[PDB]
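One-letter residues, chain by chain:
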Amino acid sequence: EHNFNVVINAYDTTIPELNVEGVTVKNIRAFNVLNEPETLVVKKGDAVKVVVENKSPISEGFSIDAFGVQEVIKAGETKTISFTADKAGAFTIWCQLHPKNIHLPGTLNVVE
Amino acid sequence: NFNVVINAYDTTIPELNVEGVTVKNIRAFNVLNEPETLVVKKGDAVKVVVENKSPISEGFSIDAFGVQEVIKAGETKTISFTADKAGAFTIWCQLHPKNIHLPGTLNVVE
Amino acid sequence: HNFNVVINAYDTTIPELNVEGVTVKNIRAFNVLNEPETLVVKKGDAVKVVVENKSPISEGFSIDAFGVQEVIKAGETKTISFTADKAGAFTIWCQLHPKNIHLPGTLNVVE
Ligand SMILES: [Cu+2]
Ligand SMILES: [Cu+2]
Ligand SMILES: [Cu+2]
């Protein structure tokens with residue numbers, strides 16, 4: 001395990017009624033695509049390798065502007081994304097294909 | 001020693017105007033771990049005090065280190081394990097949909 | 001040394017999503033996101049966070065552990081700074097809106 005494993009999953013949740021242990025919640029409807037895990041932490045200078053498996057039914061994106069990373073993983077495909085974390089800081093990991101509050105963003109933290 | 005509070009949010013806002021900006025038909029139910037992210041160095045022992053403020057029992061799991069607990073509503077449970085592996089691991093609830101009780105991350109840095 | 005966090009509002013409504021043969025219906029989600037959500041520093045570090053608010057309304061940026069309770073006017077930028085003198089994981093949240101609308105983040109102070 002010299003690299004990170006990230007699974008992109010789609011979640012289609014429709015629960016018009018939920019009563020658990022006597023507590024009730026109504027009209028729940030949320031659709032989202034998640035990166036699991038969302039956060040990747042590395043040291044400055046580290047050679048980063050992220051094996052992204054897209055389990056979403058559609059093509060998904062993986063982007064980190066700071067390091068020119070911008071990929072599109074086909075549905076069911078697995079792509080290894082590699083780059084060198086030559087800059088310290090916090091950088092958003094996002095999908096350039098869907099609304100950010102649908103396919104929620106993650107973070108790449110490069111510590112000193 | 002970490003402190004994570006699990007909170008549930010039942011938000012419903014058909015319409016609301018603030019600073020001249022109108023938002024409509026907002027309906028969202030979610031359970032969240034606060035904080036969501038935990039960062040440790042490889043090899044050190046981890047003690048996570050999880051306080052569940054959700055009205056129902058919640059889950060806290062991290063497969064890589066065989067962690068998986070069910071915390072009753074209003075209860076507090078101390079999770080302890082050793083981060084003997086470096087990487088990024090999903091902290092999730094095994095009881096509810098992933099996009100309802102949003103996942104977090106345990107990062108084990110070398 | 002100076003992080004860059006951008007707060008964005010998203011008003012998403014998709015009656016019917018149709019892409020590559022997949023169909024999802026009645027999608028509606030309104031959220032405010034801090035981008036990036038996670039900040040990792042070392043104990044004792046002087047932290048500076050340039051918070052740019054792209055939200056059409058006032059937004060909050062708070063970190064209880066370090067007495068950070070700030071409000072950023074719509075479309076304005078504010079530099080928040082403090083010393084991370086305690087190790088741990090601390091919630092970065094908005095004190096103005098519901099936690100599940102304006103999703104929380106984390107400030108991680110490692111030894
Ligand atoms: Cu996406
Ligand atoms: Cu849960
Ligand atoms: Cu807010």
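Rules of the game
- Residues numbered from 1 in each chain as written, not as in the entry; some residues may be left out.
- Chains lettered and ligands numbered in written order.
- Heavy atoms only, no water.
- Helix = DSSP H or I, 4+ residues; strand = E, 2+ residues; numbered from the N terminus.
- Rg over C-alpha atoms; globule rule 2.2 N^0.38 Å.
- Buried < 20%, exposed > 50% of the residue type's maximum accessible area, 1.4 Å probe, protein only.
- Contact = heavy atoms within 4.5 Å.
- Areas by Shrake-Rupley, 256 points an atom, 1.4 Å probe, with all protein chains shown as cover.
- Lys, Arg positive; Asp, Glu negative; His and termini not counted.
- Charge placed at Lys NZ, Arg CZ, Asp CG, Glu CD.
- Donors = N, O, S within 2.8 Å, 3.2 Å for Na, K, Ca; no water.
- Salt bridge = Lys/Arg side-chain N within 4 Å of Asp/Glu carboxyl O.
- Buried area = accessible area lost by both parts, 1.4 Å probe.
- Polar contact = N/O pair within 3.5 Å; in protein donor to acceptor, adjacent residues only side chain to side chain.

> Sorry if this is basic, but what is going on with the overall build of chain B here?
On a plain count of helices and strands, chain B comes out with 0 helices and 9 strands. When the helices and strands of chain B are placed in sequence order, the string is β-β-β-β-β-β-β-β-β. For 110 residues, the compact-globule estimate of 2.2 N^0.38 gives 13 Å, and chain B exceeds it by more than 25% at 16 Å. Among the 110 residues that make up chain B, the fraction classed as buried is 54%. Counted over contacts in chain B with a minimum sequence separation of 6, partners at least 24 positions apart contribute 62%. Of the roughly 4700 Å² of accessible surface on chain B, a fraction of 47% belongs to carbon and sulfur atoms. For chain B, the centre of its 10 positive side-chain charges and the centre of its 13 negative side-chain charges are spaced 5 Å apart.

> Where do I start with the coordination of the copper ion (ligand 1) in this structure?
For a metal with four donors in a tetrahedral arrangement, the ideal angle between donors is 109.5 degrees, while six donors in an octahedron ideally sit at 90 or 180 degrees. All names here are of chain A. The protein atoms that coordinate the copper ion (ligand 1) are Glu-60 (OE), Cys-95 (SG), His-98 (ND1) and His-103 (ND1), at distances of 2.0 to 2.4 Å. Between the donor residues of the copper ion (ligand 1), the gaps in sequence give the motif E-x34-C-x2-H-x4-H. Taken together, the residues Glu-60 in strand β5 (residues 60-64) and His-98 in the loop between β8 (89-93) and β9 (106-111) connect sequence positions 38 residues apart. By relative accessible area, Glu-60 is classed as buried at 0%.

> What am I meant to see in the pattern of salt bridges here?
Working definition: two side chains of opposite charge can pair if their charged atoms are close together. Summed over the entire model, instances satisfying the criterion amount to 10 salt bridges over all chains. In this structure, A:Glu36 engages B:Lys98 in a salt bridge whose closest nitrogen and oxygen atoms are separated by 2.7 Å. With one member in each of two chains, A:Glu36 in strand β2 (residues 23-36) and B:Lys98 in the loop between β8 (87-91) and β9 (104-109) form a pair that bridges those chains. A salt bridge links C:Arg28 to C:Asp11; its shortest N-O distance comes to 3.1 Å. Separated by 17 residues along the polypeptide, C:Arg28 in strand β2 (residues 22-35) and C:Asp11 in strand β1 (residues 3-19) bring together distant segments of the chain.

> Which parts of the structure should I look at to understand the interface of chain C and chain B?
Interfaces are frequently sized by the accessible area removed from exposure as the parts join. Across the boundary between the two partners, chain C contributes 21 residues, which contact 21 residues of chain B. With both sides pooled, the region where chain C packs onto chain B buries about 1700 Å², and carbon together with sulfur makes up 61% of that total. Among the residues of chain C in contact with chain B, C:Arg28, C:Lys99 and C:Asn100 are the three that bury the most area, contributing 28% of the side total. Taken together, the links from chain C to chain B amount to 1 salt bridge. C:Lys99 is the salt-bridge partner of B:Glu34, the closest N and O atoms lying 2.7 Å from each other. Linking chain C to chain B there are 9 residue pairs in polar contact. Among the elements of the structure, β2, β3 (38-42), β8 (88-92) and β9 (105-110) of chain C are those that each provide at least two residues to the side of chain C that touches chain B.

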